[PDB]
Amino acid sequence: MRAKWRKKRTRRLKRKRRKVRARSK
Amino acid sequence: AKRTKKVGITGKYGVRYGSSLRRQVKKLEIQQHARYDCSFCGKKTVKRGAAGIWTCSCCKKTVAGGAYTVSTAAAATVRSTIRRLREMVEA
Amino acid sequence: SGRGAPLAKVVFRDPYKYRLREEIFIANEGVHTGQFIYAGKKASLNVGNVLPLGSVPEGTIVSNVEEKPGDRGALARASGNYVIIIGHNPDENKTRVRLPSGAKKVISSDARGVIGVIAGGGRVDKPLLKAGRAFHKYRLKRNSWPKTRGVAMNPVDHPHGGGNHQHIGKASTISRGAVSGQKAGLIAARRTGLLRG
Amino acid sequence: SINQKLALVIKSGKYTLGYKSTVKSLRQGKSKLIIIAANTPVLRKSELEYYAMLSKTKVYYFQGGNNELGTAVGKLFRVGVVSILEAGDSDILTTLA
Amino acid sequence: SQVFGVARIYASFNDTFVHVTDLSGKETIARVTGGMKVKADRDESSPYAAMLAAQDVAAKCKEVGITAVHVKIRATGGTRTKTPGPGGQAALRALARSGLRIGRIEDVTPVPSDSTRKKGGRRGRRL
Amino acid sequence: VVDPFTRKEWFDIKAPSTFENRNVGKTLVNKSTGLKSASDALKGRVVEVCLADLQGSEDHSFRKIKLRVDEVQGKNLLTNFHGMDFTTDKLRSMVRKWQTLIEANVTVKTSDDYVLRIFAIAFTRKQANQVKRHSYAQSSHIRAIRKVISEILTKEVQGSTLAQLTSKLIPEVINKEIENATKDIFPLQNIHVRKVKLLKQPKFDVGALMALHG
Amino acid sequence: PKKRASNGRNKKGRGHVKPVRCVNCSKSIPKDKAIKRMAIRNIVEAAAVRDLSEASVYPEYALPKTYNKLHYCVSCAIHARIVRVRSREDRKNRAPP
RNA sequence: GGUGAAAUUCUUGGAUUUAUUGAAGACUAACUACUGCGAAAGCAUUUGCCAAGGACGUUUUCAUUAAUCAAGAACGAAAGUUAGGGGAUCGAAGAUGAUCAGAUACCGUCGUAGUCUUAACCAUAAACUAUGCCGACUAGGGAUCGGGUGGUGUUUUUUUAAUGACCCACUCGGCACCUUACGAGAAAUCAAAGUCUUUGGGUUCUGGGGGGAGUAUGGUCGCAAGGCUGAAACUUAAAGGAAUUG
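Residue numbers (the deposited numbering), protein chains in the order written: chain An, 1 to 25; chain Ap, 2 to 92; chain AA, 52 to 248; chain Ac, 9 to 105; chain BO, 11 to 137; chain BB, 20 to 233; chain Ba, 2 to 98.
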């Protein structure tokens, strides 16, 4: 882990989660 | 009051044409509407008579300019280039 | 009408018999009524002056350029277009110009063009926003609108048309060696897909 | 460095603004200096120069438009031309500029 | 009393271009490279094949007329390493010991007044 | 398959008369063929040659010169000046840390329309009795020095023709007069022109060339 | 911890200087951080200087000296023996030899 | 060509290499420093123009107008976004040749977005001096940048007789640096991180074990990317700093 790639994995996950949220909106 | 937040003059289009198109035309439509400087009398009388024509309400001088500005950036740099080049030509 | 660039109704005193002949220029940026357009090879290098391309120095911005002397204007006549004078050749009496399509054309040094970019620049950078403005744009030019796609037409009406699925079917890039009625699509396409890469 | 010399006059000296008052003073002979903005029409500036030649007065050409002339004089409108009837303690009368 | 050519020698890694031309700089006389002499894919940059390239250059600049040569050493330059490779000194020694007289040695490596981006990325090469 | 050296005649180059020994070097193109003779394609060459050879003395080991050939007579090529340049080794040796170098350049046309862009170099000088380590200039000494050199070079050139221009560049009087005008302003170590490049060549006017060659 | 008083470089009062590239690995290193060596290297090595002296044409010739300013990322600088890892107490030394 | 060793690639139609150039775009090498400027991010070609600025000089002027700063605002590297131009090099992605057991990686070749610019966004960086800002004092030194003062000092056409650079000695300001720590600190270290258990100069922000987690959610700002704000459930007895021995 780095302070860069835990962050990037979290951001990929966050984009997927906001996509699913908007899809369910 | 603040009748509208950020559509501005493009609020007449309502909800149509897409917000990006409306933003792209808003910056041109404010320009082709705002009264401009007059290089011949120094008054805010200049208005776009037609696409490329900028009449002064007073002193009845009209300038051929940009379709959405009294003088576009390429026109400004051409006038600068001509001035500079005639400056070397003359001296 | 049917032209973005405004015209300058210039009047010239007729040199040979007493009258005023009214000529129609394509206006450049910065020309105004009550301005003395100076046309001729001895004229000064100002905006609006008509200068034979020998007189102008290299790197100048000229417009409404003659292809050959006497043609009365051919190049860069649409709104906001210009031609850059890049070369002078007194040995061959020819001037090399960078030209709006990116071409580098050699034209005679006797050819002349008005100095400065053509007025009405930036016209196409505002979208028409609707078929109303598009229609009124083409109503002053010619009958070329609306423009039906060839796919939607029937096989009689177009090479593309037909099929149980709306599709071109064959390669769209038509050869330049094709004949009238075949040149429907991409003509002599040296390359296809997105430019710049 | 003309604006401060003008500011001395606008406070202490005597002056008139505008083409009509300028020519009125020029034909009366009272005016000693007239400043003409560049923005002013060439016909006006040329006839004012001709009047000045007839009256043997000196003409200063402003390095700016009539807006600059108006602000420099201190009046928030546009002044094409300014006439200096009786300057104050300003040295512009004995100054070429 | 001796005719002057120009060696225009280009010694970088992976090559030794021993390219003799006339003094006017347009007409070449035996452009020879170390890649022409060795069949092992890294002897051309070796000091040996630089000596072979300059050796055959000397051999066929003799009996042709050229006697003295202005050697113009040059590194890869450009945006590249811009240091003369191992073929340089060996090729110069070869020209010197092959009787071919040498005059006006100088380094004509092309130095940028500022270059474009160098190949390799920001982190550069990683070995 | 057959050596193309068998069809060469080993022509010769001839320097302008304003130098030392005219013999500069040989050259070669080909035999004389009906399609392509030896005189047709020969013209247009640039001979790049050390000024040490053109001057017969060692003091000009750097300061190389470019001579451009114009015509041919018999086995002789008549060359004309094109432009000079300091050797890279001399340039690098001149530039060292702990001093500011001044580089100037002015582009003017001579008496004859040989427009040329003369350059000039100069270095800030640590005079004796100085204990400071670097002796940098003040960015106003740079401005003043390149102003005075810009006017000095435009005095030396555009006031004469290429013949006298070369015949005065080689003796290095221009740089000494630069020192004359500069020593009051700032101490500088070795002012050098360091470069000149012709840009445009007008009508070929062979009369002057024949005068300079013979 | 802070292994060096001046972190790795000489940047006191700049914030940003300029990147440069290593002559070996083309690594983008700030020019003040890079290990600069001024390669004052002649053309012909001393085992061939006399060889070229006899093979030459000029009775006295200058033997030109090539100059080249080498910028090194420290990753290859200490890999190529140019500079070396010193002791903690000897790190304070800044002598050229 | 290129490499640890090659290959993919270009090549008898002439590759690579040479000379004349021409064109385009980008960068401003060397000079270039324990140097300068800037609020920071940043800023290295010339000149011109426009304003701006600090330091110094000042027996100038005003007279407390000041310091810090929630809210709010300007600027804010790179990458990224938007439309237009240009588009050379490099080069995410990609395609590929290698190596490996595998290698959609490191290495090689090409190559899109980008890299540049115009006009708009974003508003984050190990945005670092990881040291808030303002003020005083406490220890010495030697350099250096900018300004100023003095020398019957050196030095330049004329050998004090038309004047800068330098040298010496100061002084203000700046980037810093070297020694010692009297002092401080957990120590590394520090001339401020000192004047703090002999604890109170003024003032803003932040932290309260580690994870979860800068996450969920809500809100707001953004075209989006995302930014700012920001938990808890549960879980754990260590995480961590600096030095010592191995």
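Where a beta carbon is used, it is the ideal one built from N, C-alpha and C, also for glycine.
Test: residue i CB closer than 7 Å to a CB of chain BO
i	result
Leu-47(BB)	yes
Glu-61(Ba)	no
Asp-33(Ba)	no
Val-18(Ba)	no
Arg-26(BB)	no
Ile-41(Ba)	no
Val-225(BB)	no
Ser-27(Ba)	yes
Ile-83(Ba)	no
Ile-44(Ba)	yes
Contact belief for residue i with residue j at Cβ below 8 Å, rounded distance in angstroms
i	j	result
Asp-131(BB)	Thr-52(BB)	So it is not a contact: roughly 37 Å between Cβ atoms.
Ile-210(BB)	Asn-194(BB)	4 Å
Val-21(BB)	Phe-138(BB)	Going by Cβ atoms, the distance from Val-21(BB) to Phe-138(BB) rounds to 47 Å, so no, they are not a contact pair.
residue 36(AA)	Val-157(AA)	This structure does not reach residue 36(AA), given that chain AA is present from 52 up to 248, and the question cannot be answered.
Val-81(BO)	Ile-39(BO)	Wrong, their Cβ atoms sit about 13 Å apart, outside the cutoff.
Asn-25(Ba)	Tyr-73(Ba)	7 Å
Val-127(BB)	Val-176(BB)	6 Å
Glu-74(AA)	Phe-87(AA)	14 Å between Cβ atoms; not a contact.
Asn-97(AA)	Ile-83(Ap)	7 Å
Buried or exposed (CB count within 10 angstroms, at least 16 for buried), residue i
i	result
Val-168(AA)	buried
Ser-34(BO)	buried
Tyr-69(Ac)	exposed
residue 322(BB)	As shown, chain BB starts at 20 and ends at 233. That puts residue 322(BB) outside it, with no answer to give.
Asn-100(AA)	buried
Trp-196(AA)	exposed
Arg-184(AA)	exposed
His-232(BB)	buried
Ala-21(BO)	buried
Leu-53(Ba)	buried
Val-107(AA)	buried
Residue i at chain Ap interface by Cβ criterion, 7 Å
i	result
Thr-146(AA)	no
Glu-109(AA)	no
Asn-11(Ac)	no
Bridge partner(s) assigned by DSSP for residue i
i	result
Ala-40(Ba)	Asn-69(Ba)
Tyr-20(BO)	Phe-27(BO), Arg-84(BO)
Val-157(AA)	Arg-147(AA)
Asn-79(AA)	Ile-169(AA)
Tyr-68(Ac)	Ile-43(Ac)
Residue-level contact to chain Ba via CB, residue i, 7 Å cutoff
i	result
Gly-130(BO)	yes
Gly-134(BO)	yes
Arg-103(BO)	yes
C-beta neighbour in chain BB for residue i, strict 7 Å
i	result
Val-74(BO)	yes
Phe-23(BO)	no
CB contact check: residue i to chain Ac, cutoff 7 Å
i	result
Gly-66(Ap)	no
Cutoff 7 Å: residue i Cβ touching any chain AA Cβ
i	result
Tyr-37(Ap)	no
| field | Residues from the region 105 to 124 of chain BO in contact with chain Ba, defined by Cβ distance under 7 Å | value | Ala-106, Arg-107, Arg-111, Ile-112, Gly-113, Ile-115, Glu-116, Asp-117
| request: Please list the residues of the region 26 to 50 of chain BO that have a C-beta atom closer than 7 Å to any C-beta atom in chain BB, keeping them in chain order. | output: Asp-32, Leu-33, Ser-34, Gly-35, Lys-36, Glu-37
| message | Residues of the region 47 to 71 of chain Ba in Cβ contact with chain BO at a cutoff of 7 Å, in chain order, please. | response | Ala-49, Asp-52, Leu-53, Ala-56, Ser-57, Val-58, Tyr-59, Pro-65, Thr-67, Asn-69
| said: Any C-beta of chain Ba within less than 7 Å: which residues of the region 76 to 88 of chain BO qualify? | reply: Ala-78, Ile-83
| query | What residues in the region 59 to 86 of chain AA have a beta carbon less than 8 Å from any beta carbon of chain Ap? | reply | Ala-59, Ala-78, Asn-79, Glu-80, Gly-81, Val-82, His-83, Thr-84, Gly-85
| What residues in the region 162 to 173 of chain AA bring their beta carbon closer than 7 Å to a beta carbon of chain Ap? | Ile-166, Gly-167, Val-168, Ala-170, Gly-171, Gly-172, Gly-173
| task | Mind checking the region 68 to 90 of chain BB against chain Ba and listing, in chain order, the residues whose C-beta falls within less than 7 Å of any C-beta there? | result | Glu-77, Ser-80
| request: Please name the residues in the region 72 to 87 of chain Ap whose beta-carbon is closer than 8 Å to at least one beta-carbon of chain AA, in chain order. | output: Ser-72, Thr-73, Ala-75, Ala-76, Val-79, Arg-80, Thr-82, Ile-83, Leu-86, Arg-87
| query | At a Cβ cut of 7 Å, what residues of the region 50 to 61 of chain Ap count as close to chain AA, listed as they run along the chain? | reply | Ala-51, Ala-52, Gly-53, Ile-54
| said: Can you pull out the residues from the region 95 to 126 of chain BB whose beta carbon lies closer than 7 Å to at least one beta carbon of chain Ba? | reply: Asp-108, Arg-111, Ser-112
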